[PDB]
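There are 8 protein chains.
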Amino acid sequence: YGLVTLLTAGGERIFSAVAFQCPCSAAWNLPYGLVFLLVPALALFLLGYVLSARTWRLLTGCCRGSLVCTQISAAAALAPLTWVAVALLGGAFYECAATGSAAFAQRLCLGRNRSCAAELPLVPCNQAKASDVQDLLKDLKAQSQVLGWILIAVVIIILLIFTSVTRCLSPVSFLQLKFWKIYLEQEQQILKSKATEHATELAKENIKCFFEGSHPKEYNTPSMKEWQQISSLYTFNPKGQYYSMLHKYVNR
Amino acid sequence: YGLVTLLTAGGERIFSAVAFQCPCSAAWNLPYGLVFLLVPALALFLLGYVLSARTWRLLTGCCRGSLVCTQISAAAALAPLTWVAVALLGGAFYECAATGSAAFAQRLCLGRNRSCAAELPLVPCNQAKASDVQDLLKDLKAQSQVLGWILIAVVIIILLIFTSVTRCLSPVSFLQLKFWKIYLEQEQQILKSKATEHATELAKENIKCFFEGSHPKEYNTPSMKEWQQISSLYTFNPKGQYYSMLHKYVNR
Amino acid sequence: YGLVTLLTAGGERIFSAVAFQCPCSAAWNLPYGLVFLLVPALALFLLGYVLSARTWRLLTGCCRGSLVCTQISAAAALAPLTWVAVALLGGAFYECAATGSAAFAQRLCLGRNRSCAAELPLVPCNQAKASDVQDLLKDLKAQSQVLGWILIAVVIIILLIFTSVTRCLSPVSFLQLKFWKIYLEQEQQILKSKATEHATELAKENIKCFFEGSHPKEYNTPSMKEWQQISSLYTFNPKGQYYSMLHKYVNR
Amino acid sequence: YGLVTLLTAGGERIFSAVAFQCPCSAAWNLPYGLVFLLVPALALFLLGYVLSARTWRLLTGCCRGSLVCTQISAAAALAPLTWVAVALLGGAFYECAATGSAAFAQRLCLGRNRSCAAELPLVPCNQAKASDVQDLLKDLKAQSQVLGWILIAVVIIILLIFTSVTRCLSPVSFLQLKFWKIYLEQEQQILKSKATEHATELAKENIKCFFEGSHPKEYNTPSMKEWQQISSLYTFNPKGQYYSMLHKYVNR
Amino acid sequence: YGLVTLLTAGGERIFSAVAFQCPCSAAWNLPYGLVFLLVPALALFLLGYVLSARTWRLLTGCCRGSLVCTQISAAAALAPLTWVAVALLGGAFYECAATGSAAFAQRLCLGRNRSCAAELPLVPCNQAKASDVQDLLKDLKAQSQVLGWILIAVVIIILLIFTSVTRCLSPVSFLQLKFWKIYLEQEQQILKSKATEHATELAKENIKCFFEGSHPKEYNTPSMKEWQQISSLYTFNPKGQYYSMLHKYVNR
Amino acid sequence: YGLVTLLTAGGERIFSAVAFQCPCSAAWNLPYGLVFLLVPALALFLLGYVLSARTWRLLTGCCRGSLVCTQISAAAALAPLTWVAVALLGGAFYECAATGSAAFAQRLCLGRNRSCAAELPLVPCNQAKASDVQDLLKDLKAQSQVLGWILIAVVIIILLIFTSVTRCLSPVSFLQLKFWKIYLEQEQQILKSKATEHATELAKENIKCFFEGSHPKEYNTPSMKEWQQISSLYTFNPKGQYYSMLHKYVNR
Amino acid sequence: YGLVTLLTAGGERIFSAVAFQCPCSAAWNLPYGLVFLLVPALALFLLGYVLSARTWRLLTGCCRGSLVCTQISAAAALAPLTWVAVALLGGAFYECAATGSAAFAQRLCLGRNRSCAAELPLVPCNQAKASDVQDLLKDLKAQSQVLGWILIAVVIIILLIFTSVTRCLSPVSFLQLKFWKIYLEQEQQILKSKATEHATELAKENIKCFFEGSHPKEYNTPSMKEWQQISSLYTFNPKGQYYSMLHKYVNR
Amino acid sequence: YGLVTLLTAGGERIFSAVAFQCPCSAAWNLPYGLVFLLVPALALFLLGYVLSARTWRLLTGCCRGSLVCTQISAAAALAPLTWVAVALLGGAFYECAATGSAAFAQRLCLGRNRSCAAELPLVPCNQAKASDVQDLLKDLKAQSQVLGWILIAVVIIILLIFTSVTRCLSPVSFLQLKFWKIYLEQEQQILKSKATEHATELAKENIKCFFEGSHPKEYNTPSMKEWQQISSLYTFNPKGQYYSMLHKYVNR
């Protein structure tokens, strides 16, 4: 129960602290909103760029290269656009971005009060009492929500076009592509299991020879150059079907 | 419990943020309502256009074609019309679409206050106090609900006519069509299972030959051209009953 | 828990949105009530006309015919009358239908205020304050509930007469009719099961021959013309008892 | 959980809609109460007249007959009298029936206000403020409850006399009648089970002969005329004890 | 859950409708209270007169007779006196019976206000404000509770005397009477079971002979006159101990 | 759940109806309290006089006798004194018995107001406002509680003396008396079981001979005079230890 | 659930009725408090004097004797002192005993108001408003609590001294006394079990001989004089260790 | 559930009755606080002096002796100091002990009001309104809490020094002392079990010889003098290791 109580207390503290006031300030407010827009987005973008095992396979070993890189970058950049869309639909952040550069303000307000740019930043702060800006906050909320929805539409459209073209120009057919993906899944699980038990037997034998203090068995040697050889990425050629480069490396 | 608490917090944030104020604005309001009508509808339309495995079979491989395309498009377009109907029945969105182009306003209001078009947009905003428009918001709600119900009737009617004609002109009878669909279902499940275990044995053999470092078995080769050959779509001819083109491809 | 929470949220949104205000309008109100009466009724009528497997058997195959058609139409039209009865007993819809054509209003009001037809539509809206119409709304509620109950009586009476005559003029007796229906039920379940397993073996054999790449077995052929032949509908003749036309088709 | 939530919502809607206001109207009120008394009673009467399997046995086959018909009609009419008794004990319905024909009103009120018949119908409506009728509503409630209880007494008395005479004049004794009813119960269950499995074997054999496409077995024929012969109703004669006419039909 | 919800709704409706107002009326009130006293009592009396299997044994077969009849009538009349006692202890009913015939009123009130009989019936109605009757309602409540308790004492006394005399004059002793009752209980259960299985075998044999269409077995015949012979009631004679007349009928 | 809900409703009705107001009346109040004291006490006394199987053994068979009768009467009269003690400790009943005969009142009140006997009965009714009686109600509550506790002491004392003397003058010792009571308990249970199964076999044999219609077995006869002989009560004599007269009746 | 509901209702009634008001009365109050102190104490004292099986062994059989009698009386009188201590610590009872004889009052009050003895009894009643006695109630509460605690100390001290001396002068040592008590416990349980089964076999044999009606077995006779002989109490002599007089009676 | 409900009711009564008012009295207050300090402490001290089995071994048998006596007294006096410390930390008791002898008061108050000793006792009673004593109650609370904490420190210090010296001067080492304590624990449990079963066999044999009435077996005799011999206390000598004097008594 200790973990549960500490976690609820931590969550409450975290959220009460991330309370978003949108400080009404003449010049320090724009970055305040901008970081709450971009920085968590950049964070999730980086974590996506990290998590996928597809990129590490290419990166390791002392670092055509465009296609794979843009593919992985988009497959990871899926999510940060979702965060920025959800946030922009939250309305608070962009409403806080109202001030921005003075150009936004001068172009923004209808020019009714003739005193916009001076203390417009008070408009999400609710402290200004001029009727014009009290109506302008609403229009800013509108622009925020609309821009957010337009972005979440553009992202889904781009995902469609990307995956459709990637499914259109491949040489292999569909009903074979499904079987191929099932194959690679099974290969990964089998590799995990059997490599696990083989490392287990290696460790057992060597550690027993150490406890006794005698010569080892010398059963076999997994070649390191062979390991690097099977880490290749592309895994396709029209002639040598040979999926999963490991499987391709059984002819020699 | 962490997932549960985070999900409820996320849901509450999401819904409190998608709070729909319908900002009363002279010109920026129309698109505000229009995107909340169309964009989620377009989103669900695209996801439907994506999800069904029937279309990918046709699309892959470097892209009469009308019939299958309109069939799949309608079978996927079922749902977006449901979203737009539910939303239009919500009333808020179309009520927000009241303003639109000025033509809607000039034709819309009874001309009582003679000051409609100037600040009609305040009518869902509840800020205008002229009696005429305070009554006009109600009529707009009515037009919204009625249009929504008419649309949800037209969509069900169209679905009826579509599925009835598609069931009317087919050469095969009913009690055989049911058995045929059961057959294709069983074939899909059997294919999944046996292809899974065959890929499993392939991976096991090849990965063992790799761990040992010796020649593979060369059991058999699933031909890629054969795979593409069995991905065909139509699966009917009056003479060669041969359902499920895979099954049709057993004569040669 | 995600499904549960999303479903309760969706239900609350759906019902709060289907909130029925009965907009008080001089001319746009009548259709508002009329669609909420008829359209869901038409919807349930269509779904009934769709769901029953009895009609598809007749319809498929390029489309005395009166009797079966009216039987199926009534057996499906059972429910829409129930919806319209429940709704009319709800009172709100017909109360909203008060205005209708002006003929209803002129014949309706007792002529006390002499100003009925002008702004009677306000009477379910509760905005009119003339005593005469404030009493007239009550009488309209009465007419609604009474008409609803009369309809729900007429529908049960018609169902009685229909099923009684259909049970009266049949040649077969009762205690045999029960056994016959049990027989057809068992036949349907047996057909489902055995056709399932036979399609399973067909798919298994053909898919194995495909994986290997060799000739199939050629066990037997379910004739398509035979399938259509056994899809017949009537299933009765005084001489050849032969229930369930499939069973009738065992003599030749 | 979906069914549970939808059912509670439906029940709440149904009951809130069947809210009984007893509209105070000069002439349209009497039928309003009368239908809520009679129509659900007629409904339950019809469902009783339908549900019992005893009547269908007599009715089917192209339609002394008095005794069985009055027996079944009373055995089914048990319940509608219970509904009308419960409703009359509810008090609202008969209180609404106060107005009725003017004869009821003129005979009803004590003649104190001398203005009864004009706007007596307001008396359950609570809108009239004359002391005489405000006391008269109470007496009407009394007459309702008393009449209801008298009816629920008369119905139980009639049930007593009916079942007692039916138990008095039968030739067979009691301790044998109990065993006879147990016998018929067991016979019904055995018939259900064995007819079920026999229809199952019939369907299995015929459907296998169809799948193969060969001649059937011709095991035996349940004669339809025999089926009608065993559907007889009376099942008694002093000489040939032979309960359950099916059992009577074993001599020839 | 449907049954549970419908039952609680029905119970609430039933009890809210059986709400007992005791309408204050000059002449229609007395029967109002009297029926709520007697009619449910008569109902439970009749159900008791029905339920016991002891009376049917005597009644069937075309209808000393005093003793058995008064015994069964008292054994069933136990409960209605309990209902009337509980109700009279409820106080509301007899308080409503205050008015009754005018003789009760004239003898009842102390004659203080000299205006009792005119509008005494208002006294449980709480509408009369004369101090004398406002005190008289209390005395009436007292008379009700006291009479109820005296009745519930008289009924228990009568039950004592009845069962004691019935236990006093019997020829058999106690420790044998207990064993005799255990015997009859076991005999009833054995008869139920074995008659059940024998009717089961009868039905099975006859229904099989019907399905096949051949002659029955003719195993044995339970004689109907024998059945009536064993339905006798008295079951005692000093010489032929022979409990349970069925058992008495084993000598011939 | 039906039983649970009906029972709670019945209990609430029962207790709300047994609400004890102690009607303040000049002459009808004394019996009101007196019956609520004595009648339930008499009821529980009678049920005790009934329940014990010890008395029936003596009573049956056409009805020194003092000792057994007073023993059983006291062993059953234990409880009614407990009821009257609990009630008297309740205080309400005796407080209601304040008035009683006028002698109690004249001796009771201190004579301060000189107007006691006229309307003293109002003193538990709280309607009288003279200070003297408002203090006198408290003293009456005191007399009630004290008398109750004195009675509950006298009853326990009497129980002590009774059981002690009954344990003092018996000839048998203690450690043998315990074993004797265990013996009689075991004998009762064994008799129940074996008599049950013997009656079961009797019924089985006779009912089988009836179903077949043949002569019975004539196994043995439990003599009725023997049954009465073993129903004797005293079960002691210094010479023939022979507990449990049944056991005493094994010598001849 | 019936027992649970009835028990909670009974408990609530019991405790609400044992509500302790301490009636302020000039002379009837002292016994009111005194009985609530002594009588339940006497009750628990008597139940203790009854429950212990040690005293009955001495008492039965037509009634040095000081030591055993005072031992058992103290071992049972443990609890009543606990009740009186808890009650005296309750404070209400002794506070009610304030008045007592007039000597307590005259010695009690400081003599400030000079009007103590007249209406001091009002002091726990809170009705007197003289400051002196309003302070005197507090001192009386103090005297009550202090006396209670002194008594609960004296009782524990006496228990200590009693059990210590009883453990000091016994001839046997400790580690043997523990084993002896374990022995007597085991002997009691063994006696219960084996006497139970022996009485069971006795009853079985005799009741079978009765059912058959033949001579008994005459296995053996437990001598009654022997039973009394083994009921002796003291169970000690320095020479013949022979615990548990039953065990002592194995030499002859 | 009865035990649970009675226990919660008893606990509530007990605690509501032990409510501590600290009666403000000039002279009767000091003992009031002093008994609530000392008497429960003395009680727990006595129960500790009783419970430990170590002291009884020394005490029994007609009563260097200093060391064991002070050891057991301290090991039992652990707890009463804890009670008095907790109570003194409660603050109420010592605050009530404020008055005490007049010397405490005269030395206590700062002499500001010059009227301390007269009615200082009102200071925990909150009835005195002089500012000086209203501040003095706080200082008294302080002195109470501080003294309590100093006492709970002194007791832990004394326990440390006691157990450390007792662990310092013993001849045996630690790792052997632990094993010795484990040994004595196992010996106690083994003795309990085997003595139990041996007493069981003794009782069984003797009670069987009694039931039969014949001579016993005379298996063996546990000598009473031997029992006392093995009850010795010290259990140590440097030469004869022989833990657990019972074990020491195996040489002769």
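Residue numbers (PDB author numbering), protein chains in the order written: chain E, 20 to 82, 94 to 282; chain D, 20 to 82, 94 to 282; chain C, 20 to 82, 94 to 282; chain B, 20 to 82, 94 to 282; chain A, 20 to 82, 94 to 282; chain J, 20 to 82, 94 to 282; chain I, 20 to 82, 94 to 282; chain H, 20 to 82, 94 to 282.
We put the CB at the ideal spot given by N, CA and C, even for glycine.
- Message: At the level of alpha carbons, what is the spacing between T265 (chain B) and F34 (chain J)?
- Response: The sequence position of residue 265 (chain B) within the fourth sequence is 235, counting from 1. The sequence position of residue 34 (chain J) within the sixth sequence is 15, counting from 1. In a straight line, the C-alpha of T265 (chain B) is about 54 Å away from that of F34 (chain J).
- Item | Same chain, Cβ closer than 8 Å to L56 (chain I), five either side skipped, listed in chain order | By one-based count along the seventh sequence, residue 56 (chain I) stands at place 37. By the criterion of a C-beta distance shorter than 8 Å, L56 (chain I) is surrounded in its chain by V114, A117, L118, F123, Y124, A127, once the five residues flanking it on both sides are discounted.
- Backbone secondary structure at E248 (chain J) - three-state DSSP: Counting from one through the sixth sequence, the residue named residue 248 (chain J) turns up at place 218. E248 (chain J) falls in the coil class under three-state DSSP.
- Task: Out of D:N267, D:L207, D:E242, state which residue places its alpha-carbon closest to the alpha-carbon of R76 (chain C).
- Result: Counting from one through the third sequence, the residue named residue 76 (chain C) turns up at place 57. If we check each option's Cα against that of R76 (chain C), D:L207 comes out closest.
- 4-residue-minimum alpha helix (DSSP H) runs that sit fully inside the segment 176–250 of chain E, ordered along the chain: 204–242
- Message: Relative to the C-alpha of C139 (chain J), which candidate in J:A160, J:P151, J:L214, J:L166 has its C-alpha closest?
- Response: For the purposes of this step, residue 139 (chain J) is taken as residue 109 along the sixth sequence, with counting starting at 1. Nearest of J:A160, J:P151, J:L214, J:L166 to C139 (chain J), Cα basis: J:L166.
- Is there a Cβ from chain B that is less than 9 Å from the Cβ of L25 (chain C)? As a first step, residue 25 (chain C) is located in the third sequence; it is residue number 6 there, counting from the start. With 9 Å as the cut-off, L25 (chain C) does not count as an interface residue toward chain B.
- Item | Closest by C-alpha distance to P50 (chain D), when choosing among E:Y279, E:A172, E:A225 | Position 31 of the second sequence, counted from the start, is the residue given in the question as residue 50 (chain D). Here the closest residue by C-alpha is E:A172.
- Query: What three-state label does DSSP hand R76 (chain C) in the structure shown?
  - Reply: Here residue 76 (chain C) corresponds to residue number 57 of the third sequence, with the count starting at 1. Helix at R76 (chain C).
- Task: With DSSP collapsed to three states, give me the class of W257 (chain H).
- Result: Locating residue 257 (chain H) in the eighth sequence gives position 227, counting from the first residue. In the three-state scheme derived from DSSP, where H, G and I count as helix and E and B as strand, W257 (chain H) is classed as helix.
- Query: Is it true that the CB of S203 (chain B) sits closer than 9 Å to the CB of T79 (chain A)?
  - Reply: As a first step, residue 79 (chain A) must be located in the fifth sequence, where it is residue number 60. As a first step, residue 203 (chain B) must be located in the fourth sequence, where it is residue number 173. Contact flag set, yes.
- Whose CA, out of D:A60, D:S131, D:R94, D:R32, lies closest to the CA of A106 (chain D)? For this step, residue 106 (chain D) is matched to residue 76 along the second sequence. For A106 (chain D), the nearest C-alpha among the options comes from D:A60.
- Message: I need the boundaries of the alpha helix (DSSP H) containing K278 (chain A), first residue and last residue.
- Response: Taking the fifth sequence and counting its residues from 1, one reaches residue 278 (chain A) at position 248. Secondary structure note for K278 (chain A): its alpha helix (DSSP H) is the uninterrupted segment 275–278.
- Query: Would DSSP call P268 (chain J) helix, strand or coil?
  - Reply: Counting from one through the sixth sequence, the residue named residue 268 (chain J) turns up at place 238. Here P268 (chain J) sits in coil by DSSP.
- Message: Among the candidates A:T196, A:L53, A:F64, whose CA atom is the shortest distance from the CA of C82 (chain J)?
- Response: For this step, residue 82 (chain J) is matched to residue 63 along the sixth sequence. Here the closest residue by C-alpha is A:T196.
- Item | Best match in C:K168, C:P154, C:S71, C:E149 for proximity to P151 (chain B) [C-alpha to C-alpha] | To locate residue 151 (chain B), count along the fourth sequence from 1; it is residue 121. Of C:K168, C:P154, C:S71, C:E149, the residue nearest in Cα terms is C:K168.
- Item | Where the alpha helix (DSSP H) through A105 (chain D) begins and ends | Locating residue 105 (chain D) in the second sequence gives position 75, where the first residue counts as 1. Segment 95–120, the alpha helix (DSSP H) holding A105 (chain D).
- Query: Using a beta-carbon distance cut-off of less than 9 Å, what residues from the segment 194–210 of chain J approach chain I?
  - Reply: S194, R197, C198, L199, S200, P201, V202, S203, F204, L205, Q206, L207, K208, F209, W210
- Task: Report the rounded CA-to-CA distance for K238 (chain C) versus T251 (chain B), giving the unit in angstroms.
- Result: Taking the first residue of the third sequence as 1, we reach residue 238 (chain C) at position 208. Taking the first residue of the fourth sequence as 1, we reach residue 251 (chain B) at position 221. Cα to Cα, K238 (chain C) sits roughly 44 Å from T251 (chain B).
- Message: To be precise: take each residue of the segment 118–134 of chain I, compare its Cβ to all Cβ atoms of chain H, and keep it if any distance is under 7 Å. Which residues remain?
- Response: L119, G120, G121
- Item | Alpha carbon of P268 (chain E) to alpha carbon of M275 (chain E), nearest angstrom | Position 238 of the first sequence, counted from the start, is the residue given in the question as residue 268 (chain E). Position 245 of the first sequence, counted from the start, is the residue given in the question as residue 275 (chain E). Straight-line spacing of the CA atoms in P268 (chain E) and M275 (chain E) works out to 14 Å.
- Quick one: residues in its chain with C-beta nearer than 7 Å to the C-beta of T100 (chain D), no 5 flanking neighbours on either side, listed in chain order? Residue 100 (chain D) sits at position 70 when you count from the first residue of the second sequence. Excluding positions up to five away in sequence, the list is empty.
- Message: For a contact defined as C-beta to C-beta under 7 Å, what are the partners of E231 (chain D) on chain C?
- Response: One-based indexing of the second sequence puts residue 231 (chain D) at position 201. Per Cβ cutoff of 7 Å: no residues; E231 (chain D) is ~12 Å from chain C at best.
- Message: Tell me which residues share the same chain as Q136 (chain H) and place their Cβ nearer than 7 Å to its Cβ, disregarding the 5 neighbours each side in the sequence.
- Response: As a first step, residue 136 (chain H) must be located in the eighth sequence, where it is residue number 106. Once the five neighbours on either side are set aside, the close Cβ partners of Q136 (chain H) are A147.
- Item | Straight-line gap, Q164 (chain D) to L170 (chain D) (C-alpha atoms, nearest Å) | Residue numbering aside, residue 164 (chain D) sits at position 134 when the second sequence is read from its first letter. Residue numbering aside, residue 170 (chain D) sits at position 140 when the second sequence is read from its first letter. Distance between the alpha carbons of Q164 (chain D) and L170 (chain D) is about 11 Å.
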